[PDB]
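K.L.:
So that you can map any letter, position 103 of the sequence shown is 103 in PDB author numbering, and since no number is skipped, the others follow by simple counting. For every residue, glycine included, the Cβ atom is placed at its ideal position computed from N, Cα and C. The structure is given below, and queries will be raised subsequently.
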Amino acid sequence: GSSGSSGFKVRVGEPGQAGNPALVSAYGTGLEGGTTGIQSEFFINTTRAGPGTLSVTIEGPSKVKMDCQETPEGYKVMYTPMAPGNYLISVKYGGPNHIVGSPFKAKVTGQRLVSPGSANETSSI
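Rendered as structure tokens:
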């Protein structure tokens, strides 16, 4: 009996790492939809791109408390909407060039929440 051999000899013809905004990926449960009253979060794949700087902006008819934490995988973003409507999430990296998939157009449903408030402060003027 006998057999043959098979290997692979190739040289690195690439720089390896290079400012690539496209490589940047985003996924989670917040992008799935807009849940008024629930806190959603999504991970930002920045391992292939690099430790480079990043930016995250959210628009809409009703502002939202945006949060950002330092993670070993990239950057975590948590936002909880209070009012329904059309929201937009921009993701920039390296420069003004946006990443693949963006902008993100998520639709938020479920009438606003109910809570005792709407109190006007004194000396409004």
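With distances taken between CB atoms, is the gap from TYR75 to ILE44 smaller than 7 Å?
P.N.:
Result yes, Cβ atoms of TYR75 and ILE44 sit closer than 7 Å.
K.L.:
Measure the alpha-carbon distance for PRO61 versus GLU73 and round it to whole angstroms.
P.N.:
In a straight line, the C-alpha of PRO61 is about 31 Å away from that of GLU73.
K.L.:
For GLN69, name the three-state secondary structure that DSSP assigns.
P.N.:
In the structure shown, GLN69 sits in a strand (DSSP, three-state: E or B).
K.L.:
Below 8 Å, can you find three or more Cβ-Cβ pairs linking the region 5-14 to the region 51-69?
P.N.:
No: the two stretches stay apart, fewer than three of their Cβ pairs being nearer than 8 Å.
K.L.:
Going by beta carbon distance, what residues of the same chain come within less than 8 Å of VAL10, once the five residues before and after it are set aside?
P.N.:
Same-chain partners within the cutoff: there are none.
K.L.:
What does the Cβ neighbour count give for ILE125, buried or exposed, with the cut at 16 atoms within 10 Å?
P.N.:
By the 10 Å Cβ count, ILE125 comes out exposed.
K.L.:
According to DSSP, is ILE99 part of a helix, a strand, or is it coil?
P.N.:
Residue state, collapsed to three classes: coil.
K.L.:
Since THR36 and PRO103 should fall inside the 8 Å C-beta cutoff, what is the C-beta to C-beta distance between them, to a whole number of angstroms?
P.N.:
The pair is not a contact, with the Cβ atoms about 21 Å apart (cut-off 8 Å).
K.L.:
What distance in whole Å lies between the Cβ atoms of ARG48 and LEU23, which are believed to be in contact at a cut-off of 8 Å?
P.N.:
Their Cβ separation, rounded to whole angstroms, is 4 Å, which keeps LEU23 and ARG48 in contact under 8 Å.
K.L.:
Pop quiz: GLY33 and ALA106 are said to be a contact at Cβ under 8 Å. What is the actual Cβ separation, rounded to whole angstroms?
P.N.:
Right, their Cβ atoms sit about 6 Å apart.
K.L.:
Are the CB atoms of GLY19 and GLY94 nearer to each other than 7 Å?
P.N.:
In this structure, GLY94 lies closer than 7 Å to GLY19 by Cβ.
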